[PDB]
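Single-structure report; data block below.
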Amino acid sequence: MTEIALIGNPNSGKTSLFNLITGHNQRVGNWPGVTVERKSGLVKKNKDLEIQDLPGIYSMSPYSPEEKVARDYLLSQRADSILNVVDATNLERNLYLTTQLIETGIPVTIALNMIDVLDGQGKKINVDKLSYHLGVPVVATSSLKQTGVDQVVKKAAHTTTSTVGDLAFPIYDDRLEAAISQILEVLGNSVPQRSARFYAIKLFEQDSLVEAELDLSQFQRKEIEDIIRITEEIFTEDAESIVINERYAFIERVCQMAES
Ligand SMILES: Nc1nc2c(ncn2[C@@H]2O[C@H](COP(=O)(O)OP(=O)(O)O)[C@@H](O)[C@H]2O)c(=O)[nH]1
């Protein structure tokens, strides 16, 4: 009755964590007409929770079936919650996907995974600080030591589209935030309220799939074009690089607050 999308970078420990949560309740097939494996399963300790395992990705670009699948699932609102598996030892790179996942509008809970490995390296991540700055709940997890796994699944199960009333998105440079606002005003009700920021940001980036699979009017197209052009002049960069740099700056800022 509650659906949780499990997703993260490759080699973040998604499968290990998935197998510990779901155990001998797994169903393994594939996505329609494509060789990407599709795993699903019910939570051992609560059969009313279903985990939808998604493919491991580094971002939500449109140039591969793995990412196109992850994107299409999250935008459809089939999941009530995102359980984002983050490799704690490679935190800065991992959070690039997280910023995009938070923007989908489905609530994110973070499984800060492989925490035992971080203990063996001498680094320390302040979990409360990390949680306050990303604006999402965070639980430390180890698939090896089997710690914090029931805690993070429980938190995911109670942090859903039904329970979270007011979502806090990552704030970027105010000049980029103006553009996103202007893109939202023009889009109107052409996009769902929940995932609106995702679409606005992706149209700014000039993403092929969103542009090519959205029935906008011609005036809406021309308005967004000017928002993009004008913004590029303010920054003296192309639209794609503006967003990339602003994500990495926000991530850099966050890690410096939480890292040792
Ligand atoms: N030390 C430690 N290693 C882990 C943990 N979880 C996974 N691994 C290791 O990390 C690698 C990736 O695991 P896997 O679940 O396949 O990651 P995925 O690519 O995200 O599915 C494997 O070689 C595991 O042995 C953990 O909690 N602690």
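Chain labels follow the order of the structure tokens: the first chain is A, the next B, and so on; residue numbering restarts at 1 in every chain, and ligands are counted from 1 in their shown order.
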Practice task
May I have the residues within 8 Å of ligand 1, computed using only C-alpha atoms and all ligand atoms, as a list in words?
Solution key: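 The distance check yields residues 8, 9, 10, 11, 12, 13, 14, 15, 16, 17, 18, 56, 85, 113, 114, 115, 116, 117, 141, 142, 143, 144, 145 and 146 of chain A.
Separating CA of residue 86 in chain A from CA of residue 258 in chain A is a distance of 14.3 Å.
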Practice task
Can you pull out every residue within 10 Å of range 80-84 of chain A, counting only C-alpha atoms, but drop anything in the same chain fewer than 2 positions away, and send it as a count of residues only?
Solution key: 48
Practice task
Tell me, as an MDAnalysis selection string, which residues lie within 7 Å of range 40-44 of chain A, counting only C-alpha atoms; anything in the same chain fewer than 2 positions away does not count.
Solution key: chainID A and resid 21:23 25:28 38 46:47 49:53
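Residue nearest residue 215 in chain A within the list A:191, A:57, A:242, A:127: A:191 [criterion: smallest interatomic distance, only C-alpha atoms].
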Exercise for the section: Please give the complete set of residues from range 38-258 of chain A that DSSP, run on the backbone, assigns to strand (DSSP E), formatted as an NGL selection string. Expected result: :A and (38-43 or 46-53 or 81-87 or 108-113 or 138-140)
Practice task
Could you give me the residues within range 36-205 of chain A that DSSP places in helix (DSSP H, G or I), as a ChimeraX atom specification?
Solution key: /A:65-75,88-102,115-119,127-134,149-158,174-187,196-204
Problem - Interatomic distance, CA of residue 226 in chain A to CA of residue 201 in chain A (Å, one decimal) - result: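 If I compute the distance from CA of residue 226 in chain A to CA of residue 201 in chain A, I get 14.6 Å.
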Exercise for the section: Compile the contact shell of residue 129 in chain A as a list in words: residues with an atom at most 9 Å away, counting only C-alpha atoms, same-chain residues fewer than 5 positions apart removed. Expected result: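 The filter keeps residues 134, 254, 257 and 258 of chain A.
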